Amino acid sequence: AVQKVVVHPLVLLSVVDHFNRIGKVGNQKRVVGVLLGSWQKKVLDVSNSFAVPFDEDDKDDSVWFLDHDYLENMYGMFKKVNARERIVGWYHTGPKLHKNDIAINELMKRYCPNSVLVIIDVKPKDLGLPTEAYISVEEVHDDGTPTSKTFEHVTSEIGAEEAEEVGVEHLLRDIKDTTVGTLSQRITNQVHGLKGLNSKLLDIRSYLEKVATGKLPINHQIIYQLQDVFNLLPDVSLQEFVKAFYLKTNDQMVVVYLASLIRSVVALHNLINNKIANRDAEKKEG
Amino acid sequence: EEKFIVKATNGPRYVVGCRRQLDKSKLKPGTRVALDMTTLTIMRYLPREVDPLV
Amino acid sequence: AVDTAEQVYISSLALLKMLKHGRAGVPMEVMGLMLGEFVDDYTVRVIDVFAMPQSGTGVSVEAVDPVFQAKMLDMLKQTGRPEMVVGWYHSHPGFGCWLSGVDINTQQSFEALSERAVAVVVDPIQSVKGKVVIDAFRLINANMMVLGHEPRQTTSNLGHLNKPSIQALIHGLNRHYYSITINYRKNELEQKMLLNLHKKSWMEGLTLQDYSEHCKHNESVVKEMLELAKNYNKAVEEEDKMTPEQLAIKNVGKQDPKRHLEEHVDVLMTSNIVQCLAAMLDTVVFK
Amino acid sequence: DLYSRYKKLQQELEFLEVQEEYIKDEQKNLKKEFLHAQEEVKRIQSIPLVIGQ
Ligand SMILES: [Zn+2]
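Chains as they are written, first to last, in the authors' numbering: chain Z, 5 to 290; chain E, 66 to 119; chain c, 24 to 310; chain D, 39 to 91.
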């Protein structure tokens, strides 16, 4: 149904406010906020959101506390001031997906339309993208397990339309723009290996742990496609790609001729002014 | 092809861009279009007509 | 009779709420209310900022519904927002950020409770996207016309308050209407969360997806940009063939504002993408 | 004075040597600021505009 979503940083800075208005009490649980957006178009666009007092139990996980009057009053007044945005779903700040999320999401599945779920981290130490759109749809399983709520990962992007780019750029004054060239390219080409190294290294360790020490079926069926796609590149002998290395290396030669020739053109004004300025300033100094 | 010149009815002329929704079908010149006060985006066009034609 | 040097603390909450409120800043007059806590005399901090429903009358004391204001404020009191109101904001599109008689009258009426009564006017309509410079406004006492206008100490920040130096509004209407300085604040959670959030907003999902796209587009699409780049290079060299004649005749003074050097340097920078991504293809082919 | 010029001059060797990485920092940072302000004044030029004579 929905291919991609658009999440503005305003809601995540509202999660910064979720971490600001705590009051130093010692709970810091998965505070659930009422996510708002535009479900009209096929693409989802989050503009702003708000929160609702949400408290769980220490031992029992099935305890969840929501509010209907606060949702209808905040949504009623928010719709009165801005009717272009309506309820879409919710989101929790907890890093782990608990079992009670089917009951928490089930309320906004009954009263509200199909709600999207977003899992983020309480500490911004994760290098990866903090936002993951999880659609709440029921899927048929091939093994015969009963139909239940399944959270499929929907791709997400963090973009601002008109003003939040200006506000973020003015508040930071440290981040740089695209700036195609040497630095913005070589930084990605340096740290990219760590950007994949922390993800893969962080995932395959617990993966290999759950291979031998795993039960409660983790959908082992998708592991066959995992190792299949991993074995779709069986160390090609590079025999056919030699001519492609001749093409890319020939373009490399083109960049060699462009650099040497163009820089040789740049040497004109320098290697002329260095003489005509020094000898004339010297002969005319005294 | 992406950004062209518009002529407002009031007399001053402007230049606008292309919206990601519409295509280059109606974007060809010779067709009266509509603009927005903010960002000068294009929502849709405006088909011409006449008084006795109504 | 005493005055201090006050400064309005502006976090990203009120800023982004005034940016979304500026996106909803239609020509029709809008209303807003600022919240916060008063810790001492010469400092003021804003935390909570929300919007108000529009009305046909516009900015006025009659549009402010006390049961709606106190109702929403009470709903903020039952939540984790124990902050009292500190001021009200609005938008003044087109005619400038100055305050009319109605605005100064509802300001005079709304300043009876809070002695500070911070007033902010956002106007992103005619302001370019390069700067988001916003200014906070204040109300002066009518009985201070005999004595000095603003007996504010620490006159250093007035140099930073001189950035809005329009020659009609600031000193065109500065009588009985002055302003105050604005500073910001950012903790480490906003710095790393918003910094990594913006870097990720300019980065990819797995960060390895769109690399090979350009690494392999260097052979299909960039080749056209390299041929056209050489067409501009030769298109300048055809004049650089004529340059050594003038440089061989006059050698005195410069008349052409074109440098012919930095543009070719930029062309070399765009041409170095093949070199920088060749090692990327070497890594993808290797492992 | 004759032999003191060596060790006294070493202080000038260190004071002039310390400026190398400093001018490296200035020449590497002020051009980053040059492209920052360059793109900042470049992005001011917007496509929507009025045409005069
Ligand atoms: Zn007005």
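Beta carbons are placed, not taken as given, at the ideal position from N, Cα and C, and that holds for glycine.
Beta-carbon within less than 8 angstroms of residue i's beta-carbon, same chain only, minus the 5 sequence neighbours each way: which residues are those?
{"i": "residue 139 of chain c", "result": "29, 61, 67, 109, 110"}
{"i": "residue 47 of chain c", "result": "53, 74"}
{"i": "residue 71 of chain c", "result": "36, 57, 58, 59, 99, 104, 106"}
Taking the alpha-carbon positions, what's the residue i to residue j distance?
{"i": "residue 58 of chain Z", "j": "residue 104 of chain Z", "result": "13 angstroms"}
{"i": "residue 119 of chain E", "j": "residue 110 of chain E", "result": "19 angstroms"}
{"i": "residue 40 of chain c", "j": "residue 81 of chain E", "result": "29 angstroms"}
{"i": "residue 251 of chain Z", "j": "residue 260 of chain c", "result": "27 angstroms"}
{"i": "residue 215 of chain Z", "j": "residue 155 of chain Z", "result": "22 angstroms"}
{"i": "residue 262 of chain Z", "j": "residue 64 of chain D", "result": "29 angstroms"}
{"i": "residue 83 of chain E", "j": "residue 106 of chain E", "result": "7 angstroms"}
{"i": "residue 298 of chain c", "j": "residue 73 of chain E", "result": "49 angstroms"}
{"i": "residue 82 of chain Z", "j": "residue 73 of chain Z", "result": "14 angstroms"}
{"i": "residue 304 of chain c", "j": "residue 226 of chain Z", "result": "29 angstroms"}
{"i": "residue 238 of chain Z", "j": "residue 255 of chain Z", "result": "28 angstroms"}
{"i": "residue 87 of chain c", "j": "residue 86 of chain Z", "result": "17 angstroms"}
{"i": "residue 138 of chain Z", "j": "residue 81 of chain c", "result": "42 angstroms"}
{"i": "residue 148 of chain Z", "j": "residue 102 of chain c", "result": "46 angstroms"}
{"i": "residue 167 of chain c", "j": "residue 131 of chain c", "result": "15 angstroms"}
{"i": "residue 248 of chain c", "j": "residue 293 of chain c", "result": "9 angstroms"}
{"i": "residue 107 of chain D", "j": "residue 182 of chain Z", "result": "What the structure shows of chain D is the stretch from 39 to 91, and residue 107 of chain D is not part of that stretch, so it cannot be assessed."}
{"i": "residue 70 of chain E", "j": "residue 169 of chain Z", "result": "28 angstroms"}
{"i": "residue 26 of chain c", "j": "residue 174 of chain c", "result": "7 angstroms"}
{"i": "residue 21 of chain Z", "j": "residue 214 of chain c", "result": "13 angstroms"}
{"i": "residue 223 of chain c", "j": "residue 114 of chain E", "result": "51 angstroms"}
{"i": "residue 276 of chain c", "j": "residue 285 of chain Z", "result": "15 angstroms"}
{"i": "residue 60 of chain D", "j": "residue 24 of chain Z", "result": "40 angstroms"}
{"i": "residue 202 of chain c", "j": "residue 171 of chain Z", "result": "22 angstroms"}
Chain D beta carbons: is any one of them nearer than 7 angstroms to that of residue i?
{"i": "residue 110 of chain E", "result": "no"}
{"i": "residue 151 of chain c", "result": "yes"}
{"i": "residue 181 of chain Z", "result": "yes"}
{"i": "residue 76 of chain E", "result": "no"}
{"i": "residue 87 of chain E", "result": "no"}
{"i": "residue 133 of chain E", "result": "Residue 133 of chain E falls outside the range modelled here, since chain E spans only 66 to 119, and no answer is possible."}
{"i": "residue 100 of chain E", "result": "no"}
Got a sec? Which residues, its chain only, sit under 6 angstroms from residue i by beta carbon, not counting five neighbours each side?
{"i": "residue 51 of chain c", "result": "77"}
{"i": "residue 108 of chain Z", "result": "68"}
{"i": "residue 123 of chain Z", "result": "136"}
Leaving out the 5 sequence neighbours to the left and right, which residues in its chain are closer than 7 angstroms to residue i when beta-carbon positions are compared?
{"i": "residue 196 of chain c", "result": "121"}
{"i": "residue 207 of chain c", "result": "33"}
{"i": "residue 315 of chain c", "result": "Chain c is shown from 24 up to 310; residue 315 of chain c falls before or after that span and cannot be answered."}
Cβ of residue i less than 7 angstroms from any chain Z Cβ?
{"i": "residue 284 of chain c", "result": "yes"}
{"i": "residue 230 of chain c", "result": "yes"}
{"i": "residue 251 of chain c", "result": "no"}
{"i": "residue 298 of chain c", "result": "yes"}
{"i": "residue 96 of chain c", "result": "no"}
{"i": "residue 31 of chain c", "result": "no"}
{"i": "residue 265 of chain c", "result": "no"}
{"i": "residue 337 of chain c", "result": "Residue 337 of chain c is absent from the model: chain c starts at 24 and stops at 310."}
At a Cβ threshold of 7 angstroms, is residue i touching chain c?
{"i": "residue 4 of chain Z", "result": "One cannot answer for residue 4 of chain Z here, as it falls past the ends of chain Z, which runs 5 to 290."}
{"i": "residue 174 of chain Z", "result": "yes"}
{"i": "residue 271 of chain Z", "result": "no"}
{"i": "residue 25 of chain Z", "result": "yes"}
### Query
If you measure beta-carbon to beta-carbon, which residues of the region 65-88 of chain D are closer than 9 angstroms to chain c?
78, 79, 81, 82, 84
### Query
Going along the region 232-245 of chain c in order, which residues come within less than 8 angstroms of chain Z, judged by CB to CB distance?
234, 241, 242
### Message
To be precise: take each residue of the region 196-223 of chain c, compare its Cβ to all Cβ atoms of chain Z, and keep it if any distance is under 8 angstroms. Which residues remain?
### Response
207, 209, 212, 213, 215, 216, 217, 218, 219, 220, 221, 222, 223
### Query
Got a sec: which bits of the region 38-49 of chain c sit with their beta carbon under 7 angstroms from any beta carbon on chain Z, in order along the chain?
38, 39, 42, 43, 45, 46, 47
### the region 104-134 of chain c: positions lying closer than 8 angstroms to chain Z by Cβ
104
### Task
Can you give me, in chain order, the residues of the region 66-89 of chain c that have a beta carbon less than 7 angstroms from any beta carbon in chain Z?
74, 75, 76
### Query
For the region 174-189 of chain c, which residues have a beta carbon sitting closer than 7 angstroms to at least one beta carbon of chain Z?
none
### Message
Any C-beta of chain c within less than 8 angstroms: which residues of the region 59-83 of chain Z qualify?
### Response
74, 77, 78, 81
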